Each structure stands twice: as C-alpha cells, then as structure tokens.
Amino acid sequence: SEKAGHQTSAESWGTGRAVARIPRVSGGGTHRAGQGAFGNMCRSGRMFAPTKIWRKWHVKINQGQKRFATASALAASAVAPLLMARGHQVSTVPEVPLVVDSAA
Amino acid sequence: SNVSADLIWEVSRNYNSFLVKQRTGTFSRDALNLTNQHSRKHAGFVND
Amino acid sequence: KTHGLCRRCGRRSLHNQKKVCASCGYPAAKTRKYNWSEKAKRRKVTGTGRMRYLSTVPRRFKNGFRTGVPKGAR
Amino acid sequence: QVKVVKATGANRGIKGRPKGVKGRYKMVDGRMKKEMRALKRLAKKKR
Amino acid sequence: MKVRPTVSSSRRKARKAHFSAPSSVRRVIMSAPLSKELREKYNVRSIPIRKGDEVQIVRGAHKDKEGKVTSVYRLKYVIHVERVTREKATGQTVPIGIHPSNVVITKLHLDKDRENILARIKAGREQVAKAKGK
Amino acid sequence: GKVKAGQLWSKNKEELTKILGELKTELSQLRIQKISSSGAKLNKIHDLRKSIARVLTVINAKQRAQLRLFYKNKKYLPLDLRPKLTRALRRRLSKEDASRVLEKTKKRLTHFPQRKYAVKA
Amino acid sequence: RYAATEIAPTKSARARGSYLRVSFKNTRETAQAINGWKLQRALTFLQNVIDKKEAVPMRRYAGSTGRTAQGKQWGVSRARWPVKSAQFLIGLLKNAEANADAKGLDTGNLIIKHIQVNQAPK
RNA sequence: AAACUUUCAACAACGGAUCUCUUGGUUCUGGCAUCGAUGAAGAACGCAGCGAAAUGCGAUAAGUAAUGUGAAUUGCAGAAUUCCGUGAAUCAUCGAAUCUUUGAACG
RNA sequence: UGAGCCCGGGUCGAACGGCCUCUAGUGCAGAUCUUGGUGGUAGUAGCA
RNA sequence: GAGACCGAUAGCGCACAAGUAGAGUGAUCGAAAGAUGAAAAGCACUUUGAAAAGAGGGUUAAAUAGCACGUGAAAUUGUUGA
Ligand SMILES: [Zn+2]
C-alpha cells in the first residue's frame with residue numbers, strides 16, 4: 001500500500017538531544033508516543049523502495065525466436081535419450097515419435 | 001542429421017534426471033551406466 | 001471550560017462562547033470535513049456507525065424493490 | 001545570553017525545554033561536537 | 001477441475017464458510033452415510049443426520065459401537081451417541097463427540113419429510129443411471 | 001401460553017382486542033407474581049410478550065389491508081401505505097412519460113421500421 | 001519438575017512455592033544460610049532471625065550492609081535479618097515436614113538436601 | 001579449606017526468538033449501479049432468565065409477520081416435538097409490519 | 001583454506017530437502033540505529 | 001474470482017470486545033495484544049496450609065501440553081559438579 005508507513009505524524013526531536021535523529025510520534029499517553037517512525041529500519045515504518053505495480057512483469061520475445069524454440073523442442077521430443085533425460089518412463093512404448101490412430 | 005551422441009552429451013552434461021551431484025563427486029542413476037559416474041565414457045543414454 | 005457536549009456528534013467540543021463545535025460544527029447544517037485529514041474523514045465516514053437503513057437497501061435492490069406478498073400466503 | 005545545556009543526567013532524551021529557566025537555550029552533544037569540528041575544518045580549508 | 005467461475009478454489013474462503021456456516025448449511029455438512037442394507041433399499045448414499053437415528057461408530061477409538069443418536073450439536077460439528085460416554089474427574093458421565101462422517105446410519109428415523117428427501121434423491125439417481133445405461 | 005399466528009388470522013377486531021386485553025392483564029399479573037420466584041414464570045412471560053407482539057402484528061396487518069382496499073380506487077394514498085423504493089426511483093419519470101415519443105418520430109418509426117436482413121457469404 | 005532430579009521421590013519430601021512476593025536477594029541469602037541443615041536446626045534459626053536473636057550472613061548481595069557481632073557465627077561481618085523471607089521459608093519447610101509426615105519418613109532425621117531460589121516475572 | 005570473582009557442563013528460571021500454522025492484510029481482474037423530509041450518514045438511551053464489551057433489535061425492543069428447509073439451541077436452568085407436523089431453530093429467504101431522543105432536523 | 005556442509009545424542013510434533021534454471025522485500029557489530037527483553041550500579045540513594 | 005505478494009516487530013494503525021484503551025481545552029494524536037489439547041476429558045479424592053498454594057492421587061499418546069498453556073534460542077539468574 002502506498003500509505004503503508006505514512007499514516008503517522010512524526011517529527012525529529014532535534015539535534016542537541018541525546019537521542020537518534022529519527023522522526024518520533026507525538027502524543028504522550030500511549031506506547032506509540034515518542035517511538036521512531038517513517039524509516040526503513042523502524043518498526044511499523046516504511047520499507048525501502050516500496051514495491052510498485054510497474055515492474056515489467058511481462059517480457060516481449062520475438063516471434064521468430066519463439067518459433068525457433070518451439071521447433072527445437074519438437075526435435076528434442078523426437079529424440080529418444082532426451083525423454084529419459086527429462087524424466088519420462090519410456091521403456092515399454094516403441095517409436096518415440098509416437099503416433100496413435102486417428103480413428104482410435 | 002541434426003542429432004548425435006555429442007549433441008545429447010552437450011545438451012545433457014549439466015542436468016539430467018539421473019544426475020546426482022554432491023560435494024564428494026557426481027554420480028549417475030542410469031541403469032545403462034556400468035560405473036555410476038557422470039562421464040561421456042559411461043553415459044549409457046548418450047552413447048549410441 | 002471552553003468545550004461542552006455537542007448534541008450532533010457527542011464530543012466534548014462546544015466552545016461555550018462561540019457556540020460552535022470544533023469537531024463537526026453543529027450550528028452549520030453541513031458536517032465539518034477537510035481533505036487534509038484523511039484520518040478524521042475515516043473516523044467519521046459512513047460505516048463506522050449503526051447503518052440502520054443503508055444496510056437494508058441492498059437486499060431490496062437485489063430483489064428488485066418489489067412490493068406485494070408471495071402468492072398463496074397468510 | 002543563550003545558555004548551553006549538556007544532554008546528560010536529567011536532561012538526557014527530553015522532548016522539549018528543560019528545567020533551566022532562560023530566554024534561549026541550546027542542547028549539546030558529542031555528535032554536535034564532531035559536526036562542529038567538521039564545519040570548522042571546512043571553514044579553515046575555505047580560508 | 002473447477003470450470004464454473006462461481007466456484008472458488010480458495011482455502012481461506014472455504015474454511016471461513018465452513019466455520020461460519022449457519023445451522024442449515026451445518027446440517028448439510030453433517031450429512032452421514034447409510035448402511036448397505038439401506039443403500040440397496042432406498043438407492044440413497046448419504047442423508048443429513050438427525051436426533052432419532054440409530055448409527056454405528058466405525059471410526060475413532062470406538063471401533064464398532066452401535067447406538068441411537070441422543071443429540072446433534074451443530075456448533076462444533078459433533079453428534080452424541082447413546083452409551084458412548086466418558087467419566088469426568090468427578091465420575092459424572094459426559095458424551096463423546098463423534099463426527100457423522102465417522103458414523104454410519106443403520107436405522108433411519110422415518111417421517112414424511114425424510115421419506116420425501118429419500119424419494120427425491122432416489123429419483124435423481126435413477127434418472128441419471130437410466131440416462132447413463134441407455 | 002403461545003398464540004398461533006395462523007389462528008390469530010381468522011378473528012374479528014373485538015376478538016383480537018379482547019384476547020390482547022386479557023394478554024396484557026396476564027402480563028401485568030405474571031410480572032407482579034414473578035418478581036418473587038421468577039422462573040418458568042419468566043419463560044411464560046417471555047412467551048406471553050411474544051404473543052403480544054404477534055397479536056399487535058396481526059391487528060396492524062388487518063387494519064392496513066382494510067385501508068388499502070378502501071383506497072384501492074383513490075388517486076392519493078397515505079405516505080405509510082405508499083411504496084418505499086428509493087428517493088431517486090420515486091422521483092424518476094414514470095414509465096409512460098419516459099416511453100412517450102413525439103408524433104413525427106412515431107410516424108417515422110411506423111413507416112420505416114428497422115427491417116431484418118442477412119448478407120450472404 | 002525440580003532442579004535436583006538425582007534424588008528418588010520415594011525417599012524424599014519436596015516443597016515448592018511460586019510467584020512469592022518476597023525479595024529475591026534476601027531469599028537467596030537466607031536459603032544459602034539454611035542450606036544443608038537439619039530441619040529442627042533450620043526452623044530454630046529462622047525463628048531466631050524473626051526474633052532478632054540470630055542473623056543471616058549476606059555473602060553475595062551485601063552491598064553496604066551494617067555490621068553486627070552475630071556475624072562471628074559465620075566468620076563474616078555483614079549480617080541482616082530478612083524477616084519476611086524467613087517467614088516464607090518457614091512456611092515452605094512446614095509444608096515439606098507435613099509431606100514427610102504424610103509419606104511416613106522420620107522427621108527427626110531430615111536434612112535440607114536441596115534448596116533453590118529463582119527469579120519470577122517482575 | 002571455605003567464602004567472593006571468573007570459565008565449562010547438567011538441571012531449573014526470566015524472555016519470547018526460531019520452525020509450523022492463519023475465519024487477516026495487500027495487489028490485480030470481472031458482473032452490476034442501489035442513501036436522504038416516505039426523515040439519510042452519524043450521535044444517544046434502552047431491550048436477553050442469568051451480560052460487562054462486541055452483535056442484533058427499538059416499549060411488538062438478541063425481536064414480529066410471511067416464505068423455504070425440515071427436528072433443534074446450548075455455558076447453566078426452565079419449556080418443547082407427539083415425529084406421520086402450517087412445524088423446533090442464536091436457521092435461511094424476505095415482498096408485510098413495529099421503529100424511543102436527536103441528527104439536513106422541521107411548533 | 002574459508003564462508004559453510006554432513007552425522008551422533010536430547011527435545012519436539014507436521015511438514016521438509018538435494019539437484020538444473022527463474023525470481024527477490026536475499027546475508028549486519030556498529031548508524032548518540034528501531035522495537036522488545038534483560039544486566040551492573042543496588043537491596044544503594046532514598047521513603048520529608 | 002484470483003496472485004512466482006506478506007506471514008503477528010511482517011501484511012492496512014487494527015488477523016484479538018481497534019479508530020478500541022489512553023493523551024490533549026480543542027483541532028487532533030493513537031497503541032499493545034494470535035497458537036493447550038483430537039476431544040476439557042480444564043485435575044475426583046486425601047493431606048498440609050488462614051489463604052494463596054504445595055505434596056500424594058488422577059485425565060491424556062504426552063501435563064517434558066495445567067486455560068502464567070504449540071515448539072521454547074540469546075542476553076540475565078539460582079543450584080550442583082570441576
Ligand atoms: Zn459536534
């Protein structure tokens with residue numbers, strides 16, 4: 001959420017105080033008062049580089065290369081040792097480019 | 001032809017369903033391996 | 001004390017001299033609201049209360065706001 | 001005029017003005033000491 | 001595999017519905033199977049359990065124990081079978097909760113509504129069986 | 001001490017009111033003698049109050065049905081008897097006014113209405 | 001569970017108390033004072049500490065402790081009178097004596113084989 | 001030698017880390033468009049056999065009518081249901097009702 | 001060599017791992033770091 | 001309806017009687033806090049104790065799970081051993 005870690009009102013106490021120069025929640029009658037916030041190292045604060053929906057989730061691949069890879073995959077499926085290497089129990093079936101009858 | 005035992009070895013030298021790789025050596029689960037070591041010499045499925 | 005009980009919102013926020021609520025502004029017909037306080041907007045937005053009638057509206061919309069009784073009743 | 005308060009003892013980690021009744025006060029620390037030494041070094045380099 | 005978009009395959013929603021379902025949905029869930037004689041008598045597999053049924057506990061620590069249902073407690077999805085009880089510290093007998101999935105119905109409490117339920121289930125089963133057969 | 005809603009639906013005004021009067025008197029007496037040894041008498045009083053609610057509901061329903069039949073062919077209705085819907089739906093143009101169309105548009109639609117046609121492959 | 005698990009439960013009597021609102025340091029000092037003693041001697045000593053006749057030597061937690069001649073009983077200079085911890089320990093020793101009587105042991109020859117004080121939630 | 005200080009071990013403490021879980025959150029996608037003087041959103045006071053909060057309801061007050069299912073609710077006490085029934089339920093649906101003081105709030 | 005990896009014993013109860021690729025909120029002693037827990041001071045100052 | 005997302009210091013401030021407790025005259029600020037067990041079967045009874053509680057005995061596969069409850073690290077502490 002874009003508001004995760006921003007839904008607080010904190011301000012640095014100052015420079016001359018013997019406390020870390022970090023934003024701290026105002027108030028005075030709750031555990032949250034005076035605690036650090038707005039930081040990636042602070043509990044219940046923001047995360048560094050918040051994840052956003054624009055990440056390039058999809059990859060554009062040339063159609064020529066897609067077809068090349070599909071052809072190579074078909075040739076590999078024709079090759080017999082590659083089936084065993086990929087992990088198919090192919091020992092009781094003959095004719096690796098296996099064809100069944102269309103009428104069947 | 002486009003397929004040769006060299007091609008199968010080069011395609012399958014890094015990863016196989018038969019390949020067992022540990023810190024002390026790399027073995028082979030292939031039933032056509034006389035030594036159970038990963039090598040071009042003993043790759044039963046690779047060699048013709 | 002400068003803040004008494006406001007009848008519209010129920011908070012101890014009625015300046016006795018100004019007679020204006022600091023939270024909702026009771027004398028004004030409109031309820032006080034500012035876009036710079038999303039937290040206050042979400043504290044006093046709809047859904048934080050009882051929902052006496054707006055909770056019953058959707059069922060009537062689903063059934064089409066029909067009037068009458070089922071055939072063969074009583 | 002402006003008084004200096006060292007943030008130790010009862011004055012360590014205080015939100016606002018300490019008990020010292022004065023018109024203007026300034027809190028000090030070792031981090032500020034190092035910052036001031038860096039600023040003086042920069043000024044001396046400039047001059 | 002799920003095809004219709006109305007159906008949800010989500011664990012969160014499934015468990016929420018199961019543990020927040022009202023009493024009628026709980027009855028449907030606490031449906032229990034019938035014995036074999038009743039299966040070939042009524043062409044019915046399972047029916048919702050009720051108070052007046054005689055059942056056979058066939059799963060759990062109670063291996064093969066028969067008894068009449070005393071009370072169905074829909075809140076924690078249990079039923080109470082007669083004489084299936086344990087002594088507390090004081091020695092007072094308290095019922096043990098058994099699941100309808102773990103019991104099997106041997107004698108069914110007969111009333112007009114349940115006869116209608118059986119008739120509808122049997123009619124659907126026989127219609128589909130005839131459709132599959134011919 | 002439970003009245004049946006269906007039973008109360010076949011009764012005249014005096015009948016409903018006499019039983020209701022008896023019912024309130026019974027409630028008062030049972031409360032007075034319940035304040036000591038409030039038990040199954042509390043259960044009876046709860047059922048008695050539910051009976052009071054049932055009788056009131058049936059009387060109100062009968063009176064409203066009579067009022068509706070009285071106003072069946074009258075142009076103005078009481079606001080209580082008028083349908084609720086929503087404010088926007090109540091202020092929306094009625095179906096006849098919304099469907100009303102100009103005479104020229106009606107003539108054009110009468111003499112040149114959208115025809116059915118197909119285009120061959 | 002008890003820390004000393006090497007003692008058979010059929011030959012010994014065990015006493016326990018938890019969340020006791022008494023000072024941990026004073027209780028540790030008096031428990032160490034009465035460690036390894038006979039039951040009668042320990043009870044007499046604790047009653048004397050109540051009556052300000054004998055003093056518990058403070059060994060570990062004894063910062064700025066007043067001096068008293070009774071300390072010569074222990075070869076130490078800092079001794080105190082932890083009255084409330086003494087009462088708590090008297091209660092626990094009485095519970096242990098009652099347990100020994102229930103089990104049938106001879107109360108005239110019991111020794112404090114194990115005693116332990118731990119910290120409780122603050 | 002003991003005490004005290006320190007180191008290692010066993011056991012026992014304080015503490016809630018690790019692993020596992022999740023009726024919660026977050027993001028995306030799809031169908032639909034419905035608050036209010038016929039008194040809204042919000043605030044208040046009450047209502048349960050035994051209730052403080054949460055929930056529901058409004059002097060018909062953890063609710064009524066009606067419709068469907070068809071034998072419960074539950075922590076305890078008390079009543080049920082005849083089961084061959086217009087009929088239990090802290091049930092679902094929902095087209096009729098009740099709806100105290102205010103609040104745009106209107107003698 | 002090392003970062004680390006594997007085994008034995010005790011506890012524990014419900015999921016987990018190796019290998020080839022992919023992916024990232026992926027590796028801490030510091031930041032007068034954040035949160036939480038706990039120490040010495042200390043049974044001390046002190047309780048007018 | 002879903003996800004190469006997060007998994008109780010994370011994910012919305014809120015997985016819990018959370019915009020609650022609480023603070024401020026007020027505008028406003030605003031938390032902490034999940035996990036017994038399959039089933040409470042949540043320890044009958046005896047004894048000590050003023051009580052709190054302890055010791056026997058008991059339920060359970062397990063109380064090395066006792067509603068200070070899954071597992072139970074470190075800091076820090078007690079006892080015993082060297
Ligand atoms: Zn106001």
# chains A, B, ... in the order shown; residues from 1 in each chain; ligands from 1
>>> select_by_dssp(residues="stretch 3-43 of chain G", states="alpha helix (DSSP H)", output="PyMOL selection string")
chain G and resi 24-34+39-43
>>> write_last_selection(atoms="C-alpha atoms", output="PDB file, in the first residue's frame")
ATOM      1  CA  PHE G  24      14.815 -12.466  45.639  1.00  0.00           C
ATOM      2  CA  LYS G  25      18.194 -11.367  47.018  1.00  0.00           C
ATOM      3  CA  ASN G  26      17.191 -11.702  50.678  1.00  0.00           C
ATOM      4  CA  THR G  27      15.529 -15.050  49.998  1.00  0.00           C
ATOM      5  CA  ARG G  28      18.651 -16.324  48.229  1.00  0.00           C
ATOM      6  CA  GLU G  29      20.812 -15.240  51.160  1.00  0.00           C
ATOM      7  CA  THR G  30      18.638 -16.956  53.764  1.00  0.00           C
ATOM      8  CA  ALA G  31      18.268 -20.111  51.648  1.00  0.00           C
ATOM      9  CA  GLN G  32      22.056 -20.302  51.326  1.00  0.00           C
ATOM     10  CA  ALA G  33      22.302 -19.765  55.083  1.00  0.00           C
ATOM     11  CA  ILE G  34      19.951 -22.678  55.837  1.00  0.00           C
ATOM     12  CA  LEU G  39      15.006 -29.348  59.804  1.00  0.00           C
ATOM     13  CA  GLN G  40      14.817 -28.590  63.534  1.00  0.00           C
ATOM     14  CA  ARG G  41      18.021 -26.532  63.495  1.00  0.00           C
ATOM     15  CA  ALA G  42      16.862 -24.581  60.438  1.00  0.00           C
ATOM     16  CA  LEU G  43      13.442 -23.876  61.961  1.00  0.00           C
TER      17      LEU G  43
END
>>> residues_near_ligand(ligand="ligand 1", cutoff="8 Å", atoms="only C-alpha atoms (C1' of nucleotides) and all ligand atoms", output="ChimeraX atom specification")
/C:5-11,13-14,20-26
>>> residues_around(residues="stretch 49-56 of chain J", least_positions_apart="3", cutoff="9 Å", atoms="only C-alpha atoms (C1' of nucleotides)", output="ChimeraX atom specification")
/G:13-18,91-92,94-96,98-100,102-103 /J:46
>>> atom_distance(atom1="atom CA of residue A:41", atom2="atom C1' of residue J:22")
26.7 Å
>>> closest_residue(among="I:38, I:11, I:44, I:32", to="chain D", atoms="only C-alpha atoms (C1' of nucleotides)")
I:32
